[PDB]
Structure formats: structure tokens, C-alpha cells
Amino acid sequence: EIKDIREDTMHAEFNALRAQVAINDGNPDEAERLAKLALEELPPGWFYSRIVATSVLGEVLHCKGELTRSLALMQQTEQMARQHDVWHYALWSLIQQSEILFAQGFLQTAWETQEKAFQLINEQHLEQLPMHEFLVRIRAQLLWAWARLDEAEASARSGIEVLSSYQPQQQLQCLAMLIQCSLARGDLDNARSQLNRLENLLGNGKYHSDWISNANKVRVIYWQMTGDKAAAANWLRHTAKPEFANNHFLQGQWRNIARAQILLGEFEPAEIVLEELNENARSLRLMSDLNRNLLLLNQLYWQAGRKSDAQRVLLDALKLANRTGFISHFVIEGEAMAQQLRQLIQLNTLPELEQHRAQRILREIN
């Protein structure tokens, strides 16, 4: 166990990269163990592995839901990366920072953070690089929330162009975003055509669970919009159902499950799912998740004929949107949402902000 100190330090660098692969493979505990072991043995000078290990710990804390500490580590990573011209880690850091901000419902701050990433890309000529697609994809997500659909679509298409030299499977998420735009527009013909491509890609690759849940998100919304109970039921029977267990990274997949359950009239289990997701969202101040969940609860109560409950949560959702800025999440609920909003607007009792958003949404829908 005696070697040149050089070899010991090189082994520590290997540990940092082993940690990076571990978190990528969905093994945060091993990633944390390895990243810590690396940092304990990396002296000044061996800057690259230190950037990687610090970045990995940021990802680990993000996974754990320790968002404030995660952001601090992402910031540390960004600064070190900039200091050493390690542009890919500086850009990856900014992308992750936006992700947390968006989840917290701070969309303007997320936009500004994405803007810093675009600035970095422009300054260092990083346009043709793959990570550029991730940035335009999250920019599209934000534009979509704000109902700037033409811009969101253009952002998603720029992502597809960035990855034009890679296998078609790499476009899965930007394609899902294109479909998400078609769904918000009520352009079901285009959504269906795009979904044909999405489903073909899904059947031709082994993807990360989060990619699959994102793709399934738009498939389930399309099935809801077309009353495709058969497709939703078959999907639900075979989809992954990892125990939620207060894991915020599983909010998306469980919303897909709840949406399918609601479409199928399985109101009881869906309400239990959504209440559990909301406990988690409130505990971590994930206002975006909360806003999405309240809209699904509204759909559940509405379809179940529970008028009072439906109205109560719709008012909560509209109020919460004063902070999240969400518009399109309401729009995809179509006629059911339009009827409810027309009713609220006609009563003349909504506060000015909510009244204005209700009117905007009703316009997007009509």
C-alpha cells in the first residue's frame, strides 16, 4: 500500500470521476462516499478532479432535497470551473442551478440564470456543443410555463438541431417538449404525429427513468385529451411505480400515474397520491410541483363531481400562480378548466391578479 504520492493523487482523481459516473447511474450514496474520499485526498493543483467532486456533491444534495446547500455547492463549482476555464462544468452548474430555481417556483430567477448560461456559451463559443441542447430545453420549459409557445417551440427545435449529428434517440426530450407545445395549442393532429415519433423512439432505446417519465407525461396528457382510457390503462398497468417515499425527484412520475388514474375514474388512489406529493412539495417549498399537483387535484374533484373541492383547489392554484407565473398548466385542462374559469369570472369575486390570469387562460383555451 505504498506508492508514489503521484499515484495516490491519481487514484483520488479516479474516485472523483467514479463518483460522477455513480450519480449519473442513479447511485447518490456511492457518489457521495466517493466524492468525499476524493476531496480529502486532492491537493491544490489537482483542480479538475476537485471541480468534478464538488459538482458531484452538488448533484447529491439536489437528489436529497437539500436545495439550499445544493445551490451553494453548485455556485462553488461554477466559480472553480470559471477560474480554470473548465467551461463544460461551469455551464452544467448553471443548468442545474436553474433546475432548482424552477422547481422552487422562482421562474424569473431561473430565466436570469439561464441567461448567464447563454452569455457563457456566447463568450466561449460553445454553441455547437451538446450541453447547449439541455439549456435550450429548460429555457423551453420555462417559456412553456409562461405560455410563450412559439418561443418554446423554437427553443426545442434549436435543441434538436444542436443534436442533429447524434442518434435520433438523443432528441427524445426536445421532441417531448414539441409535443407539450402542440398540446397547449390544442393542435392534436400535430401532437399525434409527433407522438408517433416519440413512441417509436421510446421503443428503441434503454433510457433513464426521468426521460421516460417526461415522455410519458405528454403521452398521458394526450390520452386524457382524446379520452383514450384504453391506452392509459395499459400504460398504467405496466409503468414503473417506485415508492414515492418523500423523494421529490419522483413527483413527475407519480403525477403521470395520478393523471392516468383520474382519467380512469380511480379517484380514491389518485387523491392519496396527490396529497402525498403535496406534503413533500410543501416541505421543500417546491411551488412548481405544488401548482401542478393542485391542478391535477382540481381535475380529480371536477371529474368526480365534487364541485366545492374543485373550486377550492382551483382558487388555491390561481393564487399560487401569482408566484409561479404558470399559465400553460391551466390551459391544457381545456374545456373543464374553461367552464370553471368562466364560472369564477362571472361571479365577480376573484381578486384582481387571479381574475387577470383566469381571463388570460380562458383566452389561451378558446
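All residue numbers are counted from 1 along the displayed sequence.
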Stretch exceeding the other in mean C-alpha B-factor - 241 to 249, 180 to 188: 241 to 249
Of the two stretches 199 to 207 and 123 to 131, which shows the higher Cα B-factor on average in the entry? 123 to 131
Residue with maximal Cα B-factor (values as given in the PDB entry) among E99, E78, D228, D289: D228
Tell me, lowest, middle or highest third: where does the Cα B factor of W223 rank within its chain? middle
Considering only modelled residues of the same chain, in which third does the CA B-factor of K307 rank: lowest, middle or highest? highest
Third of chain Cα B-factors occupied by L318: lowest
Lowest, middle or highest third: where is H356 by C-alpha B factor in its chain? highest
Taking the entry's C-alpha B-factors for this chain, is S49 in the lowest, middle or highest third? lowest
